[PDB]
């Protein structure tokens, strides 16, 4: 899960890492009172959404008076900000960050991720700050230095000086960078994060390092042991259907398509949408039935999928499970009548009572088509639509 900027900053503070003085605000009254708690301006006001590309979208400005603070806060609180990394709807801005403006001499890039290829946490540094690191890799991949935490020893200072030097830093800044490398590596490990991106990490006109932006990603699987982090999640930043799906043990991700897929297995669900794409269809979502296809679970799944209104037909595709192919066909037949699906449903069952189940479906009289195999099932919906 993702953290807000202001939330990363506050963690950085708990570990003693530099960030600008700033306040997170929820009403314009708080936003303009922050001005004088911070100091003389000017000030930076920033929309707090989980997405990147806020600067470009208008969600980050430097301003000179309390009046302009109140005005930004009034113009954004409650609106949705759409950035090149958010969808068509953007994300709700329910919070503005007001911080002291910074005297930027130079901008560096400091980041860490878990490298699957090496099976290590890897910190990467570079002199090209203020730029998508993706661009820098393909473009000037030599302008990026890396180190890799050793699991037996934990982060060590030679790794931090090593990188300080590679960036051409010298003096007190080498040690300063070093302390910052030590603190982030420790936060990473101690809080089970999956990602850190400080872009830019800035050398100030006064010669100090300061993390100017902060972008954390925690690992969902460890929340069971990160209570505080558990509490920091902002649901409002997520498609509510995804969280709704997870309550009933499903795995939804929505898309732009007329065809719904309900499958049991993330690998199978992806294979299925690809098979539908491949035969001219356009899948509207990924749905992976987590718990056994019970009636009640099967029903929810219908609601979620059909919450999108571009949906034109539903392909259900179930190979196996702890529920007999005939029992599911009942649940389906049931869901359709009770949830009121008004779209054709093509259904591929495969396992125990498959054949028996496909007959209940056919006899049902509802607009449920039993496919004779997967390739058939694909062709029919694509056709249905």
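Positions refer to the first chain, counted from 1.
Checklist line | Mean Cα B-factor comparison, 191-199 or 245-253, giving the higher one as deposited | finding: So the stretch with the higher mean C-alpha B-factor is 245-253.
Item checked: Stretch with the greater mean C-alpha B-factor as recorded in the entry, comparing 22-30 against 356-364 -> Higher of the two, by average CA B-factor, is 356-364.
Next item on the list: Determine which member of 115, 228, 213, 103 has the highest CA B-factor, using the values in the deposited entry.
Entry: Top of the list by C-alpha B-factor: 103.
Check: Looking at 145, 119, 233, 135, which has the highest CA B-factor as recorded?
Finding: Spelled out: the listed residue with the top C-alpha B-factor is 135.
Next item on the list: For residue 87, return the chain-relative third of its C-alpha B-factor as stated in the PDB record: lowest, middle or highest.
Entry: Tercile = highest for this residue's CA B-factor.
Next item on the list: Determine, from the deposited record, the chain-internal third of the Cα B-factor for residue 168: lowest, middle or highest.
Entry: Residue 168: CA B-factor falls in the middle third of its chain.
Check: With respect to C-alpha B-factor, does residue 70 fall in the lowest, middle or highest third of the chain as deposited?
Finding: It belongs to the lowest third of the chain when residues are ordered by C-alpha B-factor.
Check: Hey, what third does residue 317 fall into on Cα B-factor, ranked over its chain?
Finding: Ranked within chain, residue 317 CA B lands in the middle tercile.
Next item on the list: Just say lowest, middle or highest third for the CA B-factor of residue 140 relative to the other modelled residues in its chain.
Entry: According to the entry, residue 140 has a C-alpha B-factor in the chain's highest third.
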